[PDB]
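Here's the structure, in structure tokens; my notes come after.
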Number of protein chains: 2
Amino acid sequence: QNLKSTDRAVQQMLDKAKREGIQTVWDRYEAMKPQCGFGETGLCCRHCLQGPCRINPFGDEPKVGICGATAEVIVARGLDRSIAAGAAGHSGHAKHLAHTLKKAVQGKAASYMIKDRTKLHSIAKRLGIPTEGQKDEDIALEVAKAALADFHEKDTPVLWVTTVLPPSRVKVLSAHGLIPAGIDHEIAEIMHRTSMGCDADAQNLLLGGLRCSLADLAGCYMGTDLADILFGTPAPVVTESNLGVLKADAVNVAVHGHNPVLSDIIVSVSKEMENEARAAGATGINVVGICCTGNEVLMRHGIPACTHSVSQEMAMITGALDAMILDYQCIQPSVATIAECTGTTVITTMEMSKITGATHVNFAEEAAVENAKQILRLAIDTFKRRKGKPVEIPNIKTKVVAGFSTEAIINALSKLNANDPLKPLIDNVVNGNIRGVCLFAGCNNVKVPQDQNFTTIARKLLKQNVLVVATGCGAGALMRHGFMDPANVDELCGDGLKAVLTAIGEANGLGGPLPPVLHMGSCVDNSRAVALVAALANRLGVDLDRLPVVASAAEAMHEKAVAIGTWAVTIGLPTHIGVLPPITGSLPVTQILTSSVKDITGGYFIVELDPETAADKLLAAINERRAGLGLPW
Amino acid sequence: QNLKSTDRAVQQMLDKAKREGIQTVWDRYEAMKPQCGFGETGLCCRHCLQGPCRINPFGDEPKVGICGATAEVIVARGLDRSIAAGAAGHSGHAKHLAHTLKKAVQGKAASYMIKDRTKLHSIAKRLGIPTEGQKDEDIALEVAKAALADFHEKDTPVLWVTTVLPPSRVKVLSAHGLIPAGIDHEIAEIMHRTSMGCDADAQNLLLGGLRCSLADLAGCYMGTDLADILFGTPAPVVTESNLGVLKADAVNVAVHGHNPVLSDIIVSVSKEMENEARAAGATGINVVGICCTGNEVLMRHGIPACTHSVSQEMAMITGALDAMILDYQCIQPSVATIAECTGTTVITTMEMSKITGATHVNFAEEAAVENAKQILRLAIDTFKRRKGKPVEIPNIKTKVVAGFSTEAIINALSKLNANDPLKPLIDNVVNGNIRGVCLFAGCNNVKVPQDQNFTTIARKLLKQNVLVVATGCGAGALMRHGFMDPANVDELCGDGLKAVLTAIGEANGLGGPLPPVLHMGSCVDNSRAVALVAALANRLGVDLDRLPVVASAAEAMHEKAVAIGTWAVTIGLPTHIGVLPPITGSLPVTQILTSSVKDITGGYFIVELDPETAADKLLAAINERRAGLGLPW
Ligand code: SF4
Ligand code: SF4
Ligand code: FES
Ligand code: FES
């Protein structure tokens, strides 16, 4: 099973699924092989009913689409639609939160409130909204109005782009026409320009893609900002991860999907119901996280993470998962079928994300607590049906220190330099104790043995003194293999990095170091990494494409991950992707994305499927940035 | 060549392309066969980087997508993305016009103005904008603001849906949650819900598709409304169509694409430049139309239509097409390559729609006349380079009576009943002289011999006394085969229909009938057919799904045509599609779209590739509607 996942708890559940005849994502992948090489290379188009069109990567006809679309047009149009789809997910999430904040401060949803007043006022100031003499509720109404206004054209560009990057970066982007006019405007323009008989110039198409990726960045930053207002900015927390966080004698409830509007309410209402759960024979309600909504409640509340991404079905295979509470995105719809076998109650809550065979409980913010109780009573009832049944929870978990919002990182660093917190970090980049920074982001993918690329690359970079930060299921991969446990710093980190993590941790009273990898949150919380990197660029007086900072979507899957990698390139970072995106069927598109975009944004994709080679390429990119700043490397 | 096109002028140009070795759309189609059956049936998904996933229509594995997506989910998600793409095109067009109207009345674009003041005031009244005591420019600013507001959520739904359908239809749609909240909002929600791990219930997905199709309807109606304000509501005109409208001794300039913002300015500036063209040896500038922008200037100015859709390359093969002036959508990008062979100057004008190898002249409304002169001077220069070269313009053209906006149809009918214009039409539906109404819409498709389905179906329906109306390239097909020439009424029309067309035409002083088919305009002007049908429903006091009115996208191609067919079903019409959409790989999705949607909206798709059978099915649908109104049939 280690060819499927490097996670031992997942391997144990794969053996249970095999002997019980429960088909998994890995079995469905095997059944799909060999996969279509036209789609794998990007040389397929179904944008009109004259299709499907395909182009042989090599050889004879077909060489061109029926309408005359070349390989470079077809590849660029498909990639642009993936970016637009990713932007539609992250910004759908953000829009949901904007509507929740508005309802809250209009008195329409009393289960929600302004929890981080400080962040509300800072966002208002950043956006140019006056706070002096204003009621918090009125400021929040104006922030929610500004959030919603960024979805459409108006007399300003998207402010969750132009106010969150330094002016010199905005200027570079504006000079190339890359600043989005409106988030949903750009998504629709992509769908228009990529439809039949429209845009048919690869560079033009890909510039539109870069712009739409910044609409995705705006949605991510907006979702982090609004979720911090509503639910609190994360601070360092200690918890655990992997399937051993399930407890046979508790009602085990996973929150899965993306939006904390849902998750966060499940967490508080579940403790409210301890006594009812005990009344049912359970010790209590054990809320656990899957995917980004799990990361949201891990970061804010220390809720333990059960699993992530490709292995999500394995939580159900234990037999102990009484409920899986879903909102949207990244939920394998197989979970509704598996539930018939495992007893789990799978519950959808959002009207635009239903799964045939799952129970639907409409969630309304206006009725959030009651809707939550309804949902948790189904969970308790499911716990009751499994009294007497043995379960197989692998007794495998790791310790996880997390909660490293950008505010938390700056506060930690301020213990070493109170009035210039970023300076101790920059000092150690300059003296070589920190070689650079790498952000691990994005998914697992069934094509890659689960977590192998994240852990292989992260081990090489940590030994070379790279400060590693992580989000989403990249953070999930690293947490489940111990990279968020400070007890593993000696094993994993180079001496320079160890010295810095230890100095910061001691100054923070820890009696030891920060963990090897800093968990910066969910995938929208890649925006926190942008805030940190923009702050470092501003403090140094250089643009982002001069910093020794890189990103790696080492096992990417979702259209959202393609959008994140594309905005990482657009804001100026060397950006590794460890699965093949469907671009290899066009050399000119590949050359743009891996080379000539350097002359546009200064960032660039590094496509590399072999993780040791990827680590070497990421180190070379870091070291090239060091050299360009005149630093030793 | 008649297996490729039923148009004799196209056949002649196909012989010229063959002996000159110029590859055409039909050759690229042959080179693509056999096409992929997974894509043809809809059983392919590339929504994440675990893909491509496919499902065998029959047999053994693969049976399910890697994430667990079933065939019905994959088929429904692909269809929903096509609807969203279509909505993105028509509403991109509409948004462009809204911005042009705003610029015009703010003094920012003096080449544009309020030409149809009457329509401006009626649209304002329909939208609820006050006109009394207001400056036309202020009313127009408020209409343009309302147009732009319909792209995003606000305190009202999309008004270019709810104000253009009768209240009883709005109520039906609202009861099913189908009224769009914002045009670009719905497009983005589709892209979100269809991304990996999101919506996975076929009925839920398809309800979202129906709602997004009404966003496309709103974009079409908004684009017709705004283009009528700016450029005038069409009234009946007489012109010609097919390649014989090109003139060897003139500078031949085709306007191609969709938006009249461009086309309409080319038309007036070209007459301004007669003397310059004569100075170059030409008799003048001969502007001709291709595709919908050609339909826009045909309807408003009587500009002759050269060709449409699948045969658009053939205009260039004549050797006489000096320039092809493009905006966006439905332009085969092959035209940029063919131009190297034919001498034509292909000029793009919109920054989101470029074609490698074509000259780009940025068009700005603020500089429209100067930009137009620049463009037409390239055309004159191209004419000069071909002095001495023989050309081969087929001497084949038809007479075309067109210009039948809904206002023009009502005015024509008012000559028979001044204060109740729709009553003479309804009287003749009741007495059986008019069996029903059929709208032909949408594209040609290289899979169908060009125009064969439109003309075969239209001949059967006209003999059975159906009033036939047409738009877009359906109108193009029928015009090029003589269906818009009143001299062909005796040949084509049943005695009842002939009597009505003659009575209306005589009352209009024509000394003869209206033409066999009424041209209602471009594809956004399918909204004119909606206005007529909604007016008839309102006058009868019944909803649209009780009228004997059907639609046929007999040779559909573009995602826009899929969106139009889907909103035709959503507003209550039986809607034929004469090519296979990628739904046959899911019986449950097919059953929804062809049968159970009748219980939701009262409309339904009729998929039928054989045109004689399609005509029989369309007549049965009309006659079932007649029977339900208690009428003989
Ligand atoms: S848009 Fe062009 S390449 Fe794509 S399916 Fe249609 S004809 Fe083929
Ligand atoms: S979304 Fe599901 S069906 Fe589609 S490519 Fe990804 S794994 Fe395959
Ligand atoms: S031919 Fe396989 S993805 Fe289209
Ligand atoms: S397998 Fe051919 S369209 Fe994907």
Side-chain angles (χ1 to χ4, degrees), chain A residues 24-57 62 65-66 69 71 74-75 77-78 81-82 85-86 89 309-310 312-313 328-335 353 355 443-447 556-562 579-582 585, chain B residues 32-57 62-78 80-82 191-200 205 582 584-586:
Chain A
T24 76
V25 64
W26 287 275
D27 299 325
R28 298 189 299 273
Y29 173 48
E30 187 69 21
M32 197 62 68
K33 292 180 198 182
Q35 291 184 95
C36 181
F38 303 101
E40 281 174 345
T41 58
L43 295 178
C44 176
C45 182
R46 296 172 48 210
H47 296 195
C48 78
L49 300 179
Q50 294 177 144
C53 289
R54 69 195 188 284
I55 293 173
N56 287 321
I66 286 169
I74 287 175
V75 164
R77 294 193 304 194
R81 288 193 172 187
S82 310
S309 194
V310 73
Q312 59 185 264
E313 299 164 317
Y328 38 64
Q329 305 163 14
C330 298
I331 300 141
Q332 290 176 32
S334 61
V335 297
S353 198
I355 305 172
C443 321
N444 297 303
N445 182 312
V446 79
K447 294 178 182 175
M557 177 269 302
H558 200 281
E559 286 164 321
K560 287 180 288 163
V562 174
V579 172
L580 271 181
Chain B
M32 197 62 68
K33 292 180 198 182
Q35 291 184 95
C36 181
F38 303 101
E40 281 174 345
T41 58
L43 295 178
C44 176
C45 182
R46 296 172 48 210
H47 296 195
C48 78
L49 300 179
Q50 294 177 144
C53 289
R54 69 195 188 284
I55 293 173
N56 287 321
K63 295 178 173 173
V64 60
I66 286 169
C67 62
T70 60
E72 69 194 62
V73 167
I74 287 175
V75 164
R77 294 193 304 194
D80 272 2
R81 288 193 172 187
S82 310
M191 295 309 296
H192 176 193
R193 82 191 300 147
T194 59
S195 75
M196 180 278 190
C198 288
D199 203 17
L205 278 159
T584 57
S586 175

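We name chains A, B, ... by the order of the sequence lines, and we start the count at 1 in each one. Every number for a ligand or one of its atoms is a count from 1 in the order of the listing.
Ligand-side atoms of ligand 4 in range of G39(B): 3 (S), range being under 4.0 angstrom from any heavy atom.
The nearest heavy-atom contact from the protein to atom 4 (Fe) of ligand 2 is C45(B) SG, 2.3 Å. Nearest protein neighbour of atom 1 (S) of ligand 3, counting heavy atoms only, is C36(A) SG, 3.7 Å. The protein atom (non-hydrogen) at minimum distance from atom 8 (Fe) of ligand 2 is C53(B) SG, 2.3 Å.
Contact annotation: for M32(A) versus ligand 2, there are no heavy atoms closer than 4.0 Å. At a heavy-atom distance under 4.0 Å, no atom of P52(A) approaches ligand 3. For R46(A), no heavy-atom contact with ligand 3 is shorter than 4.0 Å.
Within the 4.0 Å heavy-atom shell around ligand 2 one does not find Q332(A). Residue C44(A) places a heavy atom less than 4.0 Å from ligand 4.
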Could you go through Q50(B) and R28(A), starting from their C-alpha distance and side-chain angles, then the distance that decides it, and tell me whether this counts as side-chain hydrogen bond (donor to acceptor under 3.5 Å, both in side chains)? CA-CA 11 Å; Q50(B) 294 177 144; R28(A) 298 189 299 273; over 6 Å; no
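Within the coordination shell of atom 6 (Fe) of ligand 2, defined by N, O or S atoms under 2.8 Å, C48(B) is present. Between atom 4 (Fe) of ligand 2 and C67(B) there is no N/O/S contact shorter than 2.8 Å.
Of the charged side-chain nitrogens involved, none lies within less than 4.0 Å of a carboxylate oxygen, so that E559(A) and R77(B) do not count as a salt-bridged pair.
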